[PDB]
Amino acid sequence: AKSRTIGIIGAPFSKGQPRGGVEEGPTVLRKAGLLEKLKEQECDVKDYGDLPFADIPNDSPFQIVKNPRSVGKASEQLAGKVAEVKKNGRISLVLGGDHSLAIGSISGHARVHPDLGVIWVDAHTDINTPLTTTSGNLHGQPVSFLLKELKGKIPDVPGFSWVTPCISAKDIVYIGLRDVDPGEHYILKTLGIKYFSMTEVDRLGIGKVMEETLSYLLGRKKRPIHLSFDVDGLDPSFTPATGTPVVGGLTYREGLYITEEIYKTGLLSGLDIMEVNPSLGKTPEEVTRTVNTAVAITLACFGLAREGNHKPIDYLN
Amino acid sequence: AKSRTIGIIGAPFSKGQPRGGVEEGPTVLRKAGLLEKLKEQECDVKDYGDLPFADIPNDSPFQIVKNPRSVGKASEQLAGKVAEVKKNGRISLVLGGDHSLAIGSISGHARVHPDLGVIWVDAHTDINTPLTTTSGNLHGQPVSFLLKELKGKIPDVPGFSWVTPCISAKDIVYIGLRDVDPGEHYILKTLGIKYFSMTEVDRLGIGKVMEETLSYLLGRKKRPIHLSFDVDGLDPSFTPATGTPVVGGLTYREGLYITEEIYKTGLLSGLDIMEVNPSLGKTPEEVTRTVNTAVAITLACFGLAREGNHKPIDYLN
Amino acid sequence: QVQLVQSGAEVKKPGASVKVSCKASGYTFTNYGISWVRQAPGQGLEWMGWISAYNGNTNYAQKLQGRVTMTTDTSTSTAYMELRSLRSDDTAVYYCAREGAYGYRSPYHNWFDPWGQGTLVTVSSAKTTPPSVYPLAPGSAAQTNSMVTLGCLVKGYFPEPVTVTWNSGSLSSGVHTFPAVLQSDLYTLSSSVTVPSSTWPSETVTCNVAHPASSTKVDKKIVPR
Amino acid sequence: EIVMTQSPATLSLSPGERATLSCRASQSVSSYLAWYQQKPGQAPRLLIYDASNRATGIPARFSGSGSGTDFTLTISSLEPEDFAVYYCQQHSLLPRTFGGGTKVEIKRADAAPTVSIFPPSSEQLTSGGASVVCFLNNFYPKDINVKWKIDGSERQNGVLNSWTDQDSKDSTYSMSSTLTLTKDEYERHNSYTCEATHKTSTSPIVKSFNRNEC
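Chains as they are written, first to last, in this note's numbering: chain A, 4 to 320; chain B, 4 to 320; chain C, 195 to 419; chain D, 30 to 243.
Written as structure tokens, this is what we have:
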């Protein structure tokens, strides 16, 4: 079909967040069988394999941003691979890893489709500059490189010289914001980004939230949608084995509803499953709940509706 | 600012409910740092300290109501302290303890503002008389002393001779009722109190419930609002270390939404955090979830919106 | 400056907890997370848990799940570490150090730079007993050699440590107070020396041993025979 | 449960040239481990925070390398105050094991131990014990085995040994051969012997006494 034609791109990268272990991000999302659970329904899955990420030995930090050249090279390599799989007409399923990969995962996606939108399901806004950061991590700063309206307010970080800004401020929608910096909320209200934080999700319900999201991004003109999902955007009772768990977020139900309404537009054209950390489960059953949740999110992105799916042939014979 | 000017009043009192341990109610809500988590945003926090509660040795019971003089003296002392901090223009953050303190926590609040309203978030209605009770506890009877329409149906309990009724029947709104006596529901339907039990919360959603609550109390005239929150009004998967846990209640999300919509009226003028019992957690992690939940509820009452908060100065420099 | 102060050197038999304060000064608390690490004497440093001060995250270690509980006290910024079902393998120095909260607002930190000064924890059911100093010193006779030193033993004291000086600490050459060693009967043994030669017979030297946990002093006058 | 292995189990280098060390991981820690300076009886002072970059008050001379399996700690300007039990620590995997111990000693010409043996007291005979220790003092390096004998027949299960930290001036070591018997076992035998064994001692130094000899 046009949709559910998946090119999986693994990304074992952990130098944008401190809690290591997301190097085994694609390892666990594949050994829990994302491919074979995609291959029941008609998903032409082509595994492009995990990427080889080089290890720069002289990784001198920035002022506050630490390990910047590793993230620059990893996101440049990932943006090349994503533009490769989007010139093949597939849907770039990137799965990591951490949100420090989303710089390349959206830049390479915009090398093929320059007028996309991003639905950013995360607990956090991830919109810090290298100046407004307090953390100094790059799993908290992907969006600020990608917005066109923050050019000039971003210093020339070592490694990010290739990053051309790709999306506008009014072409990114947040869902599930509940842990926002003061600097992040100042940027979020200055640029006027249409966000749906947990206040608005509790106000409207996830049906009205997804309706207003799809009317905001697709109501003007049909265009590709890049769900950059994150697994702390769900509640930690569903995904506890994630890097920065923030309590009281989206349920497993509401997460599946977001993904199903993105699928039934028929314009999902890129997906990110980030921050899966299979070593922060206090039991391995916690890791099992996290990875089964992320697998079910990915499957509901690519056609597994909870109502069920039938092949269009007769079964009553 | 006008709001978020908090005068904290501790209240280590446990003689209105049988499960002792809420004597260490303010002890744990302060050693989890409610003050310092208030002091990031501009909250002029002034700790008025825990109260000294005298121990009456000849505490003879009533017919069914047991320990009545201790609750009478504790609520008289607390009502004096609350009227003291409301003549200072602050917001009376009372935190206990148990709902047997809410008699004084609303009487002293009405010594300064005689036309207030109460949003009563509890699993229970707490509206028993000393006659209609079966429990004989006073954590189940604060509201009946405070309603003006139950004068004459309340016997002269030893200790409660000072209690002048303060609020009317149509100036109190319940949210989260799911464990109601027959006597309590008879009073609740005879007086016509506008309650939002879990049937109406599931029907309308917490957005429509809080909209109808604020339209019911503030739609006629601007007046102070006294959120008397209780931590069994939330679901026991979020606050298990409470005195009378009733399953299937408000989520952590819906609880934070109630508090945020009370804040954004700009008329919150008194707060109660009651029934926190740090010895009923079966693990200390259960106590940790309870106290972090109650701290997050209090912070969202006093300005911590989940969208984030910025100081009104430039950060992009 | 950035510090961590601990208190105090406590001994518990197999019994109740070893709740240890770790007072955090200098830096902003609720912006980093204090971990804890044990050290048996002459051994490595086994990690044993980490609380965050952002929001009370437990995150304990393997082999003790279970035994440790760890909370915060973020008004007065101390951090506590309890233990349950104590055992004589827990004769360790309990350090507390700061990982940094691995939440989202907390700065990048992986590397433990306030470190607390350590806490002497020996878990044993012996009783507080005064020591018993047992030397001799024929200093200085001439048995077979030209270098006859003089030394003492310290027997049967609990808990640690003793303080052994020679001629009230005035005799200083060769002073090497030997660290203790635990018996088979859960008691302790230690020693010390100075170094005279065989050519100093008029040196009546007393080892001045004081064990203040039993608050007794034994000064041993030694005469050769 | 990553086991961290340190390749120099012991080390003894003079005030002088480089004192390069090693910490080998079981996995790829990938530029995420630290180095410490635990002097005995003290808090382990941090040397290097994440494989390099010289943490905040380190004097002038403690660079290092890593990235990402076996990491090297270099002491280029040796500075003999730095004789401390160093430790490496992985951080970016749980649980957080440390290294093993890299006890950097002091180098001197190999000194010979002074061997002497001492009887129980008469006040011990009023208390009811037997306590004989063969003492060895001012040697280098540490390795000495000491054997006890019941007039020639060997002793076990009471033979205890104890080492000090290395002295600052002569840079030597000392060991007591702690041994305790009972009063009834003391009067049975007389010739209580001590068999020393040091690298400087080509012959085993046998120092003995007799009961009530001196």
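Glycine included, C-beta positions come from ideal geometry on N, C-alpha and C.
Can you give the Cα-Cα distance for B:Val68 and B:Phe148, rounded to whole angstroms?
-> Start at 1 with the first residue of the second sequence, and residue 68 of chain B comes out as number 65. Start at 1 with the first residue of the second sequence, and residue 148 of chain B comes out as number 145. Cα to Cα, the separation comes out at about 13 Å.
Nearest candidate by alpha-carbon position, reference B:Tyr219, set B:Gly179, B:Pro243, B:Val279, B:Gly120 = Working through the second sequence from its first residue, we reach residue 219 of chain B at position 216. When each option's Cα is compared against that of B:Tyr219, the closest is B:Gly120.
Express the C-alpha separation of D:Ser121 and D:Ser59 in angstroms, rounding to a whole number.
-> Counting from one through the fourth sequence, the residue named residue 59 of chain D turns up at place 30. Counting from one through the fourth sequence, the residue named residue 121 of chain D turns up at place 92. Rounded to whole angstroms, D:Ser59 to D:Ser121 spans 8 Å at the Cα level.
Would you call the segment 282-291 of chain A and the segment 132-141 of chain A in contact, with 3 or more CB pairs under 8 Å?
-> no
Going straight from the alpha carbon of A:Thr296 to that of A:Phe241, what length do you get?
-> Here residue 296 of chain A is taken as the residue at index 293 of the first sequence, counted from 1. Here residue 241 of chain A is taken as the residue at index 238 of the first sequence, counted from 1. Computed Cα separation, rounded: 7 Å.
Buried or exposed: which applies to C:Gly209, given that a residue is buried once 16 or more other Cβ atoms fall within 10 Å of its Cβ?
-> For this step, residue 209 of chain C is matched to residue 15 along the third sequence. Exposed is the call here.
Which bits of chain D does C:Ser385 rub up against, with CB to CB less than 7 Å?
-> As a first step, residue 385 of chain C must be located in the third sequence, where it is residue number 191. Neighbours of C:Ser385 on chain D, chain order: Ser205.
Inspect the beta-carbon positions of A:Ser200 and A:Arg181 and report whether they are closer than 8 Å.
-> On the first sequence, residue 200 of chain A is found 197 positions in, with the first residue counted as 1. On the first sequence, residue 181 of chain A is found 178 positions in, with the first residue counted as 1. A contact, by the Cβ cut-off of 8 Å.
Looking at the C-beta of C:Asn304, does it have a partner C-beta in chain A at a distance below 8 Å?
-> One-based indexing of the third sequence puts residue 304 of chain C at position 110. So, interface residue.
B:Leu253 vs B:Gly236 beta-carbon contact at 8 Å = Looking up residue 253 of chain B in the second sequence gives position 250. Looking up residue 236 of chain B in the second sequence gives position 233. Yes, these two residues count as a Cβ contact at 8 Å.
Give me the Cβ distance between A:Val176 and A:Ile261, rounded to the nearest whole Å; I'm assuming they're in contact under 8 Å.
-> As a position in the first sequence, residue 176 of chain A is number 173, starting the count at 1. As a position in the first sequence, residue 261 of chain A is number 258, starting the count at 1. Actually they are not in contact, since the Cβ atoms of A:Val176 and A:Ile261 sit about 11 Å apart, beyond 8 Å.
Report yes or no: is there a C-beta of chain A within less than 8 Å of the C-beta of D:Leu102?
-> Indexing the fourth sequence from 1 puts residue 102 of chain D at position 73. No, because no Cβ of chain A sits closer than 8 Å to the Cβ of D:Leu102.
Given 8 Å as the limit, is there contact between the segment 80-88 of chain A and the segment 97-107 of chain A, that is, 3 or more CB pairs closer than that?
-> yes
Given 8 Å, three or more beta-carbon pairs between the segment 90-107 of chain D and the segment 154-167 of chain D = no
In whole angstroms, what separates the C-alpha of B:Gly75 from that of B:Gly100?
-> Within the second sequence, residue 75 of chain B is the residue found at index 72, counting from 1. Within the second sequence, residue 100 of chain B is the residue found at index 97, counting from 1. In a straight line, the C-alpha of B:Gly75 is about 14 Å away from that of B:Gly100.
Using three-state DSSP, classify C:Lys349 as helix, strand or coil.
-> As a working mapping, residue 349 of chain C is identified with position 155 in the third sequence. Residue state, collapsed to three classes: strand.
Counting Cβ pairs closer than 8 Å, one from the segment 150-159 of chain D and one from the segment 87-102 of chain D, do we hit at least three?
-> no
Pull out every residue of the segment 206-226 of chain B whose Cβ sits closer than 8 Å to any Cβ of chain A, in chain order.
-> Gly208, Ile209, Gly210
Report the rounded CA-to-CA distance for C:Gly363 versus C:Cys401, giving the unit in angstroms.
-> Indexing the third sequence from 1 puts residue 363 of chain C at position 169. Indexing the third sequence from 1 puts residue 401 of chain C at position 207. Using only the alpha carbons, I get a separation of about 9 Å.
In chain order, what residues of the same chain lie with their CB nearer than 8 Å to the CB of C:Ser326, ignoring the 5 residues before and after it?
-> Locating residue 326 of chain C in the third sequence gives position 132, where the first residue counts as 1. Hits under 8 Å: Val348, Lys349, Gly350, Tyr351, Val412.
Could you tell me which chain C residues have their CB closer than 8 Å to the CB of D:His227, listed as they occur along the chain?
-> As a working mapping, residue 227 of chain D is identified with position 198 in the fourth sequence. Near D:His227 there are no residues of chain C at all, since even the closest Cβ is about 16 Å away, more than 8 Å.
Contacts around A:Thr245, its chain only, beta-carbon distance under 6 Å, and the 5 residues preceding and following it disregarded = Within the first sequence, residue 245 of chain A is the residue found at index 242, counting from 1. Only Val234, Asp235, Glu278, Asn280 meet the Cβ criterion.
Through-space distance from B:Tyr255 to C:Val205, alpha-carbon basis | Looking up residue 205 of chain C in the third sequence gives position 11. Looking up residue 255 of chain B in the second sequence gives position 252. If I take the Cα positions, the gap works out to 43 Å.
Taking C-alpha atoms, which residue in C:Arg261, C:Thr268, C:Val199, C:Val417 lies nearest to C:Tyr226?
-> Counting from 1 along the third sequence, the entry for residue 226 of chain C is found at position 32. Per the Cα distances, C:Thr268.
Enumerate, from N- to C-terminal direction, the unbroken beta strand (DSSP E) stretches of 3 or more residues contained entirely within the segment 89-153 of chain B.
-> 94-98, 120-124
Leaving out five residues on either side along the sequence, give the residues of the same chain with a beta carbon under 6 Å from the beta carbon of C:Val342.
-> Taking the first residue of the third sequence as position 1, residue 342 of chain C is located at position 148. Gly333, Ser334, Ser392, listed in sequence order.
Contacting residues, own chain, Cβ-Cβ under 8 Å from D:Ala225 (five flanking each side not counted) | For the purposes of this step, residue 225 of chain D is taken as the residue at position 196 of the fourth sequence. Answer for D:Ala225: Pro142, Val144, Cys163, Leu165, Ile173, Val175, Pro233, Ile234, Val235, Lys236, listed in chain order.
Does the distance from the CB of B:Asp275 to the CB of B:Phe305 come in under 8 Å?
-> Along the second sequence, one-based indexing puts residue 275 of chain B at 272. Along the second sequence, one-based indexing puts residue 305 of chain B at 302. Cβ atoms of B:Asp275 and B:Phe305: not closer than 8 Å.
Is B:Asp174 buried or exposed, if buried means 16 or more other CB atoms sit within 10 Å of its CB?
-> Counting from 1 along the second sequence, the entry for residue 174 of chain B is found at position 171. Buried, by the Cβ-count rule.
Cβ-based contacts, 8 Å cut-off: residues of the segment 21-44 of chain B near chain C = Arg33, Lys34, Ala35, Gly36, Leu38, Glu39, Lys40
Of all the residues that make up the segment 66-97 of chain A, which are near chain C by a beta-carbon distance shorter than 7 Å?
-> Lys69
Span of the beta strand (DSSP E), counted from its first residue to its last, around residue 182 of chain C = No statement about residue 182 of chain C is possible, as the shown extent of chain C runs from 195 to 419 and does not include it.
Among D:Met204, D:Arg137, D:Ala113, which has the Cα closest to the Cα of D:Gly130?
-> On the fourth sequence, residue 130 of chain D is found 101 positions in, with the first residue counted as 1. D:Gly130 has its Cα closest to that of D:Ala113, out of D:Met204, D:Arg137, D:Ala113.
Would you give the residue range spanned by the alpha helix (DSSP H) that D:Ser151 belongs to?
-> Position 122 of the fourth sequence, counted from the start, is the residue given in the question as residue 151 of chain D. 151-154 is the extent of the alpha helix (DSSP H) around D:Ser151.
Hey, is C:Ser269's beta-carbon within less than 8 Å of any beta-carbon in chain B?
-> Mapped onto the third sequence, residue 269 of chain C falls at position 75. Yes, contact with chain B.
Alpha helix (DSSP H) segments (min. 4 residues) lying fully within the segment 45-96 of chain D = none
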